[PDB]
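Understanding the architecture of this molecule
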Amino acid sequence: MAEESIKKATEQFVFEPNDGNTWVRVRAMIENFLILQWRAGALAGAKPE
Amino acid sequence: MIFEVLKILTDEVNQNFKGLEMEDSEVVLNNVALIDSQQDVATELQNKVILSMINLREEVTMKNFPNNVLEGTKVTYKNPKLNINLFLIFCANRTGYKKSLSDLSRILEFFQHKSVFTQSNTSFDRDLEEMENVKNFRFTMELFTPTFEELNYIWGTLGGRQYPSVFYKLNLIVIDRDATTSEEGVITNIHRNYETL
Amino acid sequence: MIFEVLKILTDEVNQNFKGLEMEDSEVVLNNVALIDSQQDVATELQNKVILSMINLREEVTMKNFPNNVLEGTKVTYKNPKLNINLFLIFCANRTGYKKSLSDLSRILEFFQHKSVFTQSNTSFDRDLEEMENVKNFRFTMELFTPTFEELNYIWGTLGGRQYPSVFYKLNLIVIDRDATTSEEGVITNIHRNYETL
Amino acid sequence: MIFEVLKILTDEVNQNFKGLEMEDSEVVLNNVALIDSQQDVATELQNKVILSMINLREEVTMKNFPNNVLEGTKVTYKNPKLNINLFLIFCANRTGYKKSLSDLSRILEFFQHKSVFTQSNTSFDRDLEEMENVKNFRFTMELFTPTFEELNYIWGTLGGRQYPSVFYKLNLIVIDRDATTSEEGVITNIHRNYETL
Amino acid sequence: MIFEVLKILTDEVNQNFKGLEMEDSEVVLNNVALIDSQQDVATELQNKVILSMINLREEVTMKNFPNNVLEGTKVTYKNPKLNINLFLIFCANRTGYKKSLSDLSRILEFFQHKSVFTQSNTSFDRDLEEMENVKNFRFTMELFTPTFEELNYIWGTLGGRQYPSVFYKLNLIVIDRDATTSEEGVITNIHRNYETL
Amino acid sequence: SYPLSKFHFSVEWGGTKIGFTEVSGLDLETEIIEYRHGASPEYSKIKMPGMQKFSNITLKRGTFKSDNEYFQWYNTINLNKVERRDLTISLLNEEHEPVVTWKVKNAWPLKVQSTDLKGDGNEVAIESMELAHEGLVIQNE
Amino acid sequence: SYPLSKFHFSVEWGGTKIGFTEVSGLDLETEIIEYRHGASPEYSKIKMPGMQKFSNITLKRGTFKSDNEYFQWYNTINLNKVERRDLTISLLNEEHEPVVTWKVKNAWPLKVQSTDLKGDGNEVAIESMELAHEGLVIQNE
Amino acid sequence: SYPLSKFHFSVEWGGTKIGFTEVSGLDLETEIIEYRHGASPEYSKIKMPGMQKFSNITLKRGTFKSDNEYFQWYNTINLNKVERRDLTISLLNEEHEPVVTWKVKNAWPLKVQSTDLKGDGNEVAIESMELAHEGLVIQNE
Amino acid sequence: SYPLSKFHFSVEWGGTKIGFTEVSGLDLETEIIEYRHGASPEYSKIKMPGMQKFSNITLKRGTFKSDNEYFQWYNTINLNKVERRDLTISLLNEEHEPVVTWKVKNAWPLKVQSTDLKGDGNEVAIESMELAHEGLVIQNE
Amino acid sequence: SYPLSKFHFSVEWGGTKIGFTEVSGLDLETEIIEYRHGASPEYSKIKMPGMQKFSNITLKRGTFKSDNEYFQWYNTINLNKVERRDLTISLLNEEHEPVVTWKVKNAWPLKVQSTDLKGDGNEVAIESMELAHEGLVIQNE
Amino acid sequence: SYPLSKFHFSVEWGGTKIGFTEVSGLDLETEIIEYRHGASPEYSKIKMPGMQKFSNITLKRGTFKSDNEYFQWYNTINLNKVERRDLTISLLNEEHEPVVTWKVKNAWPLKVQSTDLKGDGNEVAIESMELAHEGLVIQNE
């Protein structure tokens, strides 16, 4: 399940520039997904960290 | 592109005086502050209308726009373009005071009818050698009327003795060197690694 | 129409001096800033009252009015008209200081009695060749008295040495080229299509 | 370091005029206020572009930073460094007014493309004897456009007769004598005494 | 004590130029407003750095302090002391513009390292006859950078043509005549009387 | 491209003249609903949209002879009845054609304000009107 | 056409002099009634006019010798009784004829304010009055 | 005629000196009572005068040696007792005779404020007093 | 080192254009809980962190032809449903690379404000939007 | 005679130094009691003095090395106990003798405020103190 | 002697850099308790000290690359837990030694505010932090 969502997040950049602007957007998209899964109780840990 | 836009604008006003069969009125590009300087420039200014540039500003709404180009599987990086507004004056300096008030009405009448100027609109000579760098342009003219406090600021930097005058505001001269800083290839392979933490 | 309105106004004040049997007072259209310039214009200004234009503004309440014409089954498109207010000065420059204070009372007395000027009211010479473009006009005169901060702004652009003076505000000079941009025909057939969505 | 930064900046603009094959345009370091002073300096200013310094400020965010050095078991004490921003003008003073407007476009085009200057970036002559004190530097250039009230303040201290001009703001010249005030040894023995109060 | 503090400060800057082996730079006490006055004082100002006093203020926190002296069974009454802050300028007026920018860096470098001046710190000649009234002093120097509106005020009272300059603020010159107004004896006998009201 | 300016515009309101001096109050706003249950590991709230609101529109123009249009619209109030109109406000280009249009339904006036009278200044008379309405749609294509 | 100016005007109030310095407070305002039932597909309210309101009018002029008109009108208050007057305010053209008229019914004064006394300035004395009333009709034809 | 100026005036208050710097607070005000019954064809209210109010008067002057008059009047407060005085304030012409007079009954002071002390400026000391009273009559004849 | 300036920045919001004029409202705030029992020798309170809060973000830009992005996002509100987006705001250096990034989750618009229309000035049209969200993380490395 | 100026003054407060920069808050104020019975032919109220009030006094001076007097007085608060002092504030003439004296009983400090720290300006450090007290008597003879 | 200036200072807060731009909020304040019984011949109240209060401290500095200290301290909040620190703020002389020191116990941050982003000006980025604490002692000797 987690892979399906993450894959969709990175496929948006197939022919985009490979630079700092992309790397930041990719990371932010993935972390927001994982934070929500944590909030719902899927993942262990006191804080997302 | 500052000189070439103002040289084009000078020709359009001089063409309008020709169609009205007025053979005494001509507009000249020089600076107003040297009208009574009495050093070698004032003899060109006598019995003429003078167009000058008094201020420069920068357009803020377009400042953070990017300028990269994508083609194939390759990207070229460039710096963002600079956009500039101008503030202009038409200063009448005829021998007769009655003749200066007649020329100011004609300039006000001309911009009331035509306010947009493009590369297809204008009648300047394209073959001239000083105009070999101009390709595509579009600018508008808009009348500007200042208060009494603002007139004191403007004529305070031009001598302190006013003349019959009108003020205009010009929009969007584009300044851009269009040089390349870098070239790179786009993303074509994606790898993902997962671990149990 | 800037020169023609001010030339008409100069004749009305000179006619009023004639009815009072004063043969020394005459008003002249020139600019006040060159009274002590000592270059070829000051000799005309001596022992006279001088009328000059010091500022221009635009009337805002009439700015977005349209100007199209409908006739028959046809419409012609035109640009909106420009409307302008003026700010004027009467500057007395007589040889005697006592004579300047007498002329300023007469100018204040004249506009107290007559404030509206039309094409039927005035006594200017219609046959004159420089006045061949004027058809219909109406303007009012209103006395304007500035504060001490405003007088410093006004005389700061005229030299810095004041003279006995009164200030007036003129209303509504109309500037319009009256040129046609386009012609089209009006709506004569209407078709409506309905579908079940 | 004020003279050496501005001498380096003068060489970079003169190199850019050389690559464009313009053999008439040269920038000179002098002061703008003596253009029409007519005492022995004005003959150097004619038919040139002039770069001058008009103001000095101090950077506030770095003011309370310390500057001590620790090495071994020994500390040396020094005063905090001074950091300075500059405000500059490029004033075009060519013989033709049309030529001044062409040089101002080139200066605006040059800083649009290159804004960071380091000891590895620039092409000044390192072997020159007046430049023997410079080691490491980094500064940026940023375009500054003032309002009408600010232009009256600036040209009020330079004469009162403006010229075609652009304004720039330079960041971070570091001024520091790097002298020692004191030397001491660090803490190596700790003693604690307790009593019942 | 105004002349003696500024004469001491002039010697400290001239000593610093000597240790750097610069034999052309000297500071002179005169007034900046007469640089181009062309009446008998301007020949002393040429090719020099000029130090001048532009303003005076009063320290408010010490204004209501008393100044009486008690000794034995006797009191002497005196007036409170006056405390004054100064505002100073260093104006560089060298023949070359490049040389003025080098001297301004040295003055900025000198006050970055040393900011407190006492009777034990300084190297002025104590034996000189004009300096026979000075006993004990302490003052600090602090850099002052004005805005564009403040520069227009300062150079508006000095001519209207600026020069490369730095501004400083001097703290606490003490002015006091130290004269006696009265002498009286202290309280030594107390008597109390009570009544039933 | 080139940014738009805001001094050339027109208003269709059911009167004779379409030239005004200023327009304000063209806004859209939604209220917020918040929620948290006690077992959530985040200690802040989650947010949803709820009910919607519209604000009043103000129009200003100059006073002219033989034009009592503001008072004629306000005089149609009879107990709970009024004449409701459609309102179309356009931003124009240099050849006087619409670019951005605001479309307003079911408008009626609630406040009419006349000029104040002063002796010392030189000023023209401005009248102002405030309108209530029930919806707004923005078209820019 | 030509816009009107606001410095030439007159006031008929039942006194001797008709020249004043400023007039303010000539407004009309209606309160609003709102409604929504739960089955509506729009999530906003519908609006109706309700009850009407009028605001107080302020008049200002200079102080002259032997003119106590402001205090004479205010002195007719006896418990719940007062002398109610009609008020007619006109905007004039260049030949001093009315153009826009405000017609006020049942006016009486509620606040009379005298000048303040200051030593340092050069200023004339201004008196001010505030009026309550029961209706206003605007005529411009 | 000729308007009056407001910089020449005098105050009779029961003290030694009659010269002051400023006077304010000479006002008259009546509260309003409103009514409507449900059968009226007008949807607004009718208005009546009710109870009356007076505002406090402020007086200011400079501080002089051996003049403690402000504090001597304030020191006569003993529980509910005070010395009540009549107050007469006049506006004077060029030959120093009264033109407009304000007549005040039953005055007593409630607030006495001294000067503040500042070191840096050049300023004189001003003292101020606030008075309560029970009526005011204006005479201009 | 060298301080950063605040005029070069970009916003990734799911639209076509990333250039704006101003951003505000990037804050973090925690409420406080206080306590004291009666036997403590200090007469003040002790303090703890409690629940957390986030504030709304405002974005401004210019109005251009054929760009109705603000209204298209606001038009996705259907009762309690909306399109929630991720928001990435970066501060850039001289070679246009990110230095400080603000990362926002679950954003949706609640207020859209158009320009006002004025005749006399020379001004461009600015539109503004206000956003609600559910968290913010700052990255500077 | 000649008015007094307000820049030369002294304060006796139990500390070492008597020179300050500003003093404010030397006021006296009495509350008011009002009454009306229903049979009175006047429709306003009668007024009496009631209970009295005093306001807090603020003192300001500069910050000097080895002078912690403000904090030493504030540190004598132990639960409901404090060191109460007498306070004497005088306005001085040219030969430094008292003219107007304010005499304060039972003073103690309630607020002590330090300077703020700023990097860009040239400013000296000012400290401020606020005092509560139980009475004030003015002597000018 | 010589007064102190307020532009040279340092802050020890547990981070790497000690240079800031401004500090505010270093205050002490005590609440007041008042009492009067009915038999007292004075008609005012007597005053006592009660409970004590401390205000929040604000710190400001510039934004630099690779310094995320403000956010790292704020990220240690876990439900009711935080990292509490001691805070020492000193005013320095010309040879950079302490003169006046403010000593703060048990500090933790409650608000972190980033810079706003503007396109038109030339301005550096400033960040700000607000701190809660449980006591303050001033040392000047």
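Okay, so let's go over this structure. (Residues numbered from 1 in each chain as written, not as in the entry; some residues may be left out. Chains lettered and ligands numbered in written order. Part of a larger assembly, values for the part shown. Heavy atoms only, no water.)

As a further point, take the overall build of chain A. When helices and strands are counted, chain A shows two helices and zero strands. Taking the principal axes of its C-alpha atoms as reference, chain A extends roughly 35 × 20 × 10 Å. Of all 49 residues assigned to chain A, the portion counted as buried reaches 29%. Accessible area of chain A: about 3100 Å², with a carbon and sulfur share of 57%. A gap of 7 Å separates the mean positions of the 6 positive and 7 negative side-chain charges of chain A. (Helix = DSSP H or I, 4+ residues; strand = E, 2+ residues; numbered from the N terminus. Buried < 20%, exposed > 50% of the residue type's maximum accessible area, 1.4 Å probe, protein only. Areas by Shrake-Rupley, 256 points an atom, 1.4 Å probe, with all protein chains shown as cover. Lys, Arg positive; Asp, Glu negative; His and termini not counted. Charge placed at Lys NZ, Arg CZ, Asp CG, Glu CD.)

Right, let's talk about the overall build of chain F for a bit. The secondary structure content of chain F amounts to one helix and 10 strands. Starting at the N terminus, the α and β elements of chain F follow one another as β-β-β-β-β-α-β-β-β-β-β. For 141 residues, the compact-globule estimate of 2.2 N^0.38 gives 14 Å, and chain F exceeds it by more than 25% at 21 Å. With respect to the principal axes defined by its C-alpha atoms, chain F has extents near 70 × 50 × 35 Å. Split into buried and exposed, the 141 residues of chain F put 48% on the buried side. (Rg over C-alpha atoms; globule rule 2.2 N^0.38 Å.)

On to the interface of chain K and chain J, then. Counting residues at the interface gives 36 residues for chain K and 37 residues for chain J. Considering only the surface of chain K that becomes buried against chain J, K:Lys6, K:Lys47 and K:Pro49 emerge as the three largest contributors, covering 22% of it. Applying the counting criterion to the chain K and chain J interface returns four salt bridges. In this assembly, chain K and chain J are joined by 22 residue pairs in polar contact. Secondary-structure elements contributing two or more residues to the side of chain K that touches chain J are β2 (22-24), β3 (27-35), β4 (46-53), β6 (85-92), β7 (98-113) and β10 (136-139) of chain K. Each residue belonging to the side of chain K that touches chain J can be placed in one class, and the counts come to 19 nonpolar, eight polar and nine charged. Pairing between strand β8 (residues 117-118) of chain J and β2(K): two bridges, direction antiparallel. In the sheet register, J:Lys118 faces β2(K), and the bridge partner there is K:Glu22. (Contact = heavy atoms within 4.5 Å. Buried area = accessible area lost by both parts, 1.4 Å probe. Salt bridge = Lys/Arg side-chain N within 4 Å of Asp/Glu carboxyl O. Polar contact = N/O pair within 3.5 Å; in protein donor to acceptor, adjacent residues only side chain to side chain. Nonpolar A, V, L, I, M, F, W, Y, C, P; charged D, E, K, R; others polar. Pairing = 2+ DSSP bridges.)

So, about a nonpolar patch on the surface. Residues and elements named next belong to chain E. Together, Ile2, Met53, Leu56, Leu82 and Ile175 give the surface a local cluster of nonpolar side chains, amounting to about 370 Å² of exposed area. Counting through the fold element by element, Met53 comes out in strand β2 (residues 48-58). The exposure class of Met53 is partly exposed, given its relative accessible area of 36%. (Patch = residues over 30% accessible without salt bridge, like charges linked within 9 Å, V, L, I, M, F, W, Y side chains within 5 Å.)

All names here are of chain B. At a minimum axis distance of 11 Å, the contact between helix α1 (residues 2-19) and helix α3 (residues 97-113) shows a crossing angle of 110°. Relative to α3, the element α1 lies roughly perpendicular. When the axes of α1 and α3 are compared, the crossing they make is right-handed. Where α1 abuts α3, its residues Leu9, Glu12, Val13, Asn16 and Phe17 lie against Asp103, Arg106, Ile107, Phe110 and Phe111. When its residues are assigned to classes, the contact of α1 with α3 shows six nonpolar, one polar and three charged. (Axes fitted to C-alpha atoms, helices over the stretch in contact; angles between N-to-C directions. Parallel < 35°, antiparallel > 145°, perpendicular 65-115°, else oblique. Left-handed = near helix turned anticlockwise from the far one by under 90°.)

Bringing the packing of aromatic side chains into the picture now. If you walk through the whole model with that rule in mind, you get 65 aromatic pairs over all chains. Seen from their ring centres, J:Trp13 and J:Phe20 are 6.2 Å apart, and the 80° between their planes marks the pair as edge-to-face. Residue J:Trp13 is classed as buried on the basis of its relative accessible area of 2%. The exposure class of J:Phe20 is buried, given its relative accessible area of 2%. On the numbers, 6.1 Å between centres and 45° between planes, the contact of K:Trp13 with K:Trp73 is tilted. (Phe/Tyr/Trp six-rings, centres within 6.5 Å; stacked < 30°, edge-to-face > 60°.)

Bringing the interface of chain I and chain B into the picture now. Chain I puts 14 residues into the contact, and the matching count from chain B is 13 residues. In this assembly, chain I packs against chain B so that about 1000 Å² is buried in total across both faces, 56% of it on carbon and sulfur atoms. The three residues of chain I that bury the most area against chain B are I:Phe64, I:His96 and I:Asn122, which together make up 40% of that side's buried surface. Counting across the chain I and chain B interface gives four residue pairs in polar contact. For the side of chain I that touches chain B, the per-class residue count stands at seven nonpolar, six polar and one charged.

Let us look at the relation of the copies chain K and chain J. Expressed as a screw operation, the relation of chain K to chain J combines 0.0 Å of axial shift with a rotation of 60°, fitting to an RMSD of 0.0 Å. When the rotation and shift are considered jointly, the pair of chain copies conforms to a six-fold rotation axis. Within chain K, K:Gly121 has its C-alpha nearest the rotation axis, a separation of 21 Å. Comparing interface residues between copies, only 3% of those in chain K also sit at the interface in chain J, which points to a heterologous contact through distinct surfaces. (Least-squares fit on C-alpha atoms.)

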